[PDB]
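Chemist: Below is the sequence, then the experimental coordinates.
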Number of protein chains: 2
Amino acid sequence: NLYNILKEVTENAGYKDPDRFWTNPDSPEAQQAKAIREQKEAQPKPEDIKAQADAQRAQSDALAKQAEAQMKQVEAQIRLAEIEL
Amino acid sequence: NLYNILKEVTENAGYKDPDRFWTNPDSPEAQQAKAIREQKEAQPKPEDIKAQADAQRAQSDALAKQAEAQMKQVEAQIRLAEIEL
C-alpha cells in the first residue's frame, strides 16, 4: 500500500518510471533485505543472561534438595550407631 | 534511489556532472567503505559480558552437580564402614 501511494505521488509529480526513486517490496532484493532484517532479531541483550540465571536457579534447586536429603540421611545413621555404642 | 534523487536535483540546479558533488554507491570506493562499515559491526559491548555470565553460571551448575554427587558418595561410603566397626 505504501509503495502504491509512493508510485501515485511520483507519477503525479511527472515521472512515469517509479523504480528510479523507489524499490518494489515484492522484488527479490526486497525479500532478501527483509530476510536479513528478520534474522537480526535472533536474541536480545539480557535474555541470554536471563537463561543463564535460570540455569543457576536450577542448580540452586538441586543443591538445596540434595543438601536436605543428605542431612536427613546424616541424622538417620551417624548418631544412632554411636548412640547404641 | 537516493543517488538518483540527488543526481536529478543537482542536474536541475544547473550542474551537468553529478560526480563532483556526490559519489556513486556502486563505485568500488563505496563498496570498500560499506565493507569497513559492516566490519566495524563485529561485536557489540555487553554481549561478551552476557556470554561471560553464561559461562560463570554454567560453572555454577557444574560445581553444583559434582558437589551433590560427591556428598552423596561421602555419606554412602565414609559412614557405613565406621558404623560397622
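Modeler: That came through fine. Numbers count the residues shown, from 1 in each chain, chains lettered A, B, ... in the order given.

Chemist: mind checking the SS state of the spatially most central residue of chain A?
Modeler: Nearest to the geometric centre of chain A sits residue A:43, at 3.9 Å (Cα atoms, centre = their mean). Using DSSP: H, G, I helix; E, B strand; the rest coil, the structure places residue A:43 in coil.

Chemist: Please report the distance of it from residue A:53.
Modeler: From residue A:43 across to residue A:53, the span is 15 Å (Cβ to Cβ, to the nearest Å). Where you see a C-beta, it was placed from the backbone N, CA and C, and this is true even at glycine.

Chemist: Who are the contact partners of the residue nearest to the centre of chain A?
Modeler: For residue A:43, no residue meets the contact criterion (Cβ atoms under 8 Å, 6 or more residues apart in numbering or on different chains).

Chemist: cool, residue A:62 as well?
Modeler: Counting by Cβ under 8 Å, 6+ apart, residue A:62 makes contact with B:64-65, B:68.

Chemist: quick one: the helix or strand that contains it to helix B:46-77, angle?
Modeler: Here residue A:62 sits within helix A:47-77, counting by DSSP states H and E. Helix A:47-77 and helix B:46-77 are oriented at 10 degrees to each other (axes from the mean of the first three to the mean of the last three Cα atoms, to 10 degrees).

Chemist: Need the contacts of residue A:62 in TSV (columns: distance to residue B:12).
Modeler: Below are these laid out as TSV (distance: Cβ to Cβ, whole Å):
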residue	distance to residue B:12
B:64	72
B:65	73
B:68	77
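
Chemist: What's the ChimeraX line that selects buried ones from those residues?
Modeler: This is the ChimeraX syntax for the buried subset of those, where burial follows 16 or more other Cβ atoms under 10 Å in any protein chain shown:
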select /B:64,68
